[PDB]
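Below is one structure; the comments refer to it alone.
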Amino acid sequence: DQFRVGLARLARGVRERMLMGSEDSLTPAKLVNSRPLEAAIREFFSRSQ
Amino acid sequence: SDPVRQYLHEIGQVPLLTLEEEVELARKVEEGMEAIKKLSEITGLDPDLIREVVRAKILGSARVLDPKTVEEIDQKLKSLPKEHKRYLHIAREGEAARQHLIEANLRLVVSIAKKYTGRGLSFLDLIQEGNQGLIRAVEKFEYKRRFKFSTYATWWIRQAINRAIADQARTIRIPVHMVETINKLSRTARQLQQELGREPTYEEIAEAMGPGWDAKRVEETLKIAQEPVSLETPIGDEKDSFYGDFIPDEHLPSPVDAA
Amino acid sequence: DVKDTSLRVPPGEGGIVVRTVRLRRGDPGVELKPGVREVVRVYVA
Amino acid sequence: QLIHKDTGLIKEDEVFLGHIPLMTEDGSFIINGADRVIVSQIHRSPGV
DNA sequence: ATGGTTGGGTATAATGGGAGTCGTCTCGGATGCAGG
DNA sequence: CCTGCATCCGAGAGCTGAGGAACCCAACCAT
């Protein structure tokens, strides 16, 4: 469940990068920002009750 | 409640503009500014004072310099024989056009500002700073170039939003340039991690940043970028223990030291 | 121009020192918070 | 895989998504050097 | 006299959001609506 | 006109101990 929340945040970021960026020169590594996913996993394993 | 929907309703209660109306309003504003400077030359007074009194008379009694002096100068402007009351008329029309242009273009501000959420400023603060940038753009726009108003206004709206974020997002204020340094450092570290498959070290971040950057400087920059924590952070499952309950006072002398 | 800030045994504790660990900045796998130079741990049995 | 809707160009890459904690043999986790257990939760089942 | 910090500007066109919360039990008053 | 009766909102719910996301250029005051 926490992984899904982080992945949804990552998808939102990728969508914003798609819309703001230029479609001519794009590769998956530039769009994907894994900071929210790591943040969600850390949040679950460190601060969940 | 929910002030966001309220503001959106007030915003949508004003119709959008077509190209004819927008170019007409921009031309009216430009001619109003020219008429203001011509009137200042004729009467010998400052352009700022005359602009302020003309704006006061346009906005009316609803918007609360004092009535005595503004009425004095407004009557002095009525003392002009001819071909100068015309300049006064174009000045007033240009100010009305400025107001209408800002009101009609308020929606672009919201559309731009909706992409800067989650960076330390609430949505309505972003909207208000975007409005300030929009007012700037109306001030500086030039319709002769046959450019749509949004094209020029977007730059100023973005500038206002970013300057506001860099100025008001942290409890401890950090200068703008060093905020940009922090953001650049974060981006560089993130790309280094993406390429490396693990968190980079300070040496690698320093190498990636470029000349004049070493591990100690990176460490200091990451040190100052720490945000303060709350003295009211709860500790434990029960709502009976806070963070500040564990922090002693070191300033006041103890009874032993006083004795 | 220096003063004592040493680590001492709290009241009611003590025992035999069985282990010590020193972690310094730059050691492999060491992630010290910024500003911290080194960490010393003592295990007392 | 990034695909163009009209052109049809394809660019494939393997992206590092981060780290996932691993459960030890006995069934616990090592988080920031501390041993931790995730406790199962009981809740109303979804349905009608 | 040097960095540290602050202000202004970038011109194709762009013009109404988003996370969420549903397993408390009572009581006393404030209040609007039903009746006569 | 009066009255009572659903309806809604807000404030309560024991003590102690332990727990932790643009960039550039140009000028201006501080020291």
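Chain identifiers are assigned alphabetically (A, B, ...) following the order of the sequence lines, protein sequences preceding nucleic acid strands; residue numbering begins at 1 within each chain.
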Rounding to the closest angstrom, what is the interatomic distance between [N] and [M] at atom [atom1]?
N	M	atom1	value
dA13(F)	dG23(E)	P	23 Å
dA21(F)	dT15(E)	P	26 Å
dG17(E)	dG19(F)	P	50 Å
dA19(E)	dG10(F)	P	26 Å
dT6(E)	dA30(F)	P	11 Å
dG3(E)	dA27(F)	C1'	14 Å
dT24(E)	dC5(F)	P	29 Å

What pucker do you get for [N] when you go by the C1'-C2'-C3'-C4' torsion?
N	result
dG19(F)	south
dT16(F)	north
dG14(F)	north
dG8(E)	south
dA26(F)	south

Just how far, in rounded Å, is [atom2] of [N] from [atom1] of [X]?
X	N	atom1	atom2	result
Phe141(B)	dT12(E)	CZ	P	12 Å
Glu142(B)	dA11(E)	CD	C1'	10 Å
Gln49(A)	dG20(F)	CD	P	13 Å
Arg12(A)	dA21(F)	CZ	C1'	12 Å
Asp167(B)	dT5(E)	CG	P	13 Å
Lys184(B)	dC23(F)	NZ	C1'	11 Å
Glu180(B)	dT6(E)	CD	P	12 Å

### Task
Based on the glycosidic angle (syn within 90° of 0, else anti), state the conformation of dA21(F).
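Syn, angle within 90° of zero.
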Compare side-chain N and O positions of [X] against OP1 and OP2 of [N] and report whether any pair is under 4.0 Å apart.
X	N	result
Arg136(B)	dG9(E)	yes
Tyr152(B)	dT10(E)	yes
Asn183(B)	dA21(F)	yes
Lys148(B)	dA11(E)	no
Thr151(B)	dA13(E)	yes
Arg158(B)	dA13(E)	no
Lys114(B)	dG17(E)	yes
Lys140(B)	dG9(E)	yes
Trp156(B)	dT10(E)	yes

Is a side-chain donor or acceptor of [X] paired with a backbone partner of [Y] at a separation under 3.5 angstrom?
X	Y	answer
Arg170(B)	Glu227(B)	no
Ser46(A)	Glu43(A)	no
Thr7(D)	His4(D)	no

Mind checking [X] for me? I need base, sugar-phosphate or nothing, with any heavy atom below 4.0 Å counting as a touch.
X	result
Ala104(B)	base
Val4(B)	base
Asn32(D)	nothing

### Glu38(A) side, atom CD; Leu10(A) side, atom CG - distance, nearest 0.5 Å
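Result: 10.0 Å between the selected atoms.
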Do [X] and [Y] meet the criterion of a side-chain donor-acceptor pair at a distance under 3.5 Å?
X	Y	value
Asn131(B)	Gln128(B)	yes
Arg35(A)	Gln193(B)	yes
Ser22(A)	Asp24(A)	no
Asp257(B)	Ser254(B)	yes

### Query
Taking 4.0 angstrom as the limit, do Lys28(B) and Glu24(B) come out as a salt bridge?
yes
### Message
Would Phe45(A) and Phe29(D) count as a ring-ring contact (aromatic ring centres under 6.0 Å, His included) here? Give the steps.
### Response
CA-CA 9 Å; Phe45(A) 273 106; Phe29(D) 297 89; 4.9 Å; yes
### Task
May I ask you to verify whether the side chain of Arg44(D) and the base of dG23(E) hold a donor-acceptor pair under 3.5 Å?
no
### Query
So with a 6.0 Å cut-off around CD of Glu83(B), is the heavy-atom count from everything else above 12?
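Atom CD in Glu83(B) is not packed in, count stays at 12 or less.
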#### Entry: Heavy atoms of other groups near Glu23(A) CD, more than 12 under 6.0 Å
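No.
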### Query
Between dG16(E) and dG17(E), is the six-membered ring centre distance under 5.5 Å and the plane-to-plane angle under 30°?
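So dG17(E) stacks onto its neighbour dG16(E): no.
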### Neighbour stacking check for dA30(E) and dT31(E), 5.5 angstrom and 30 degree cut-offs
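Base stacking between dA30(E) and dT31(E): present.
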### Message
Just to be sure I understand the geometry, which residues of residues 217-248 of chain B put a non-hydrogen atom under 4.0 Å away from DNA chain E?
### Response
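Here the set is empty: none.
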### Message
Among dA11(E), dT15(E), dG17(E), which nucleotide has an atom closest to any side-chain atom of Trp155(B)?
### Response
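Side chain of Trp155(B) sits closest to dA11(E).
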### Query
DNA chain E: stems of at least 3 consecutive Watson-Crick or G-U pairs, cut-off 3.5 Å?
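If one scans DNA chain E for consecutive Watson-Crick or G-U pairs, the stems found are E:6-10 with F:22-26, E:25-36 with F:1-12.
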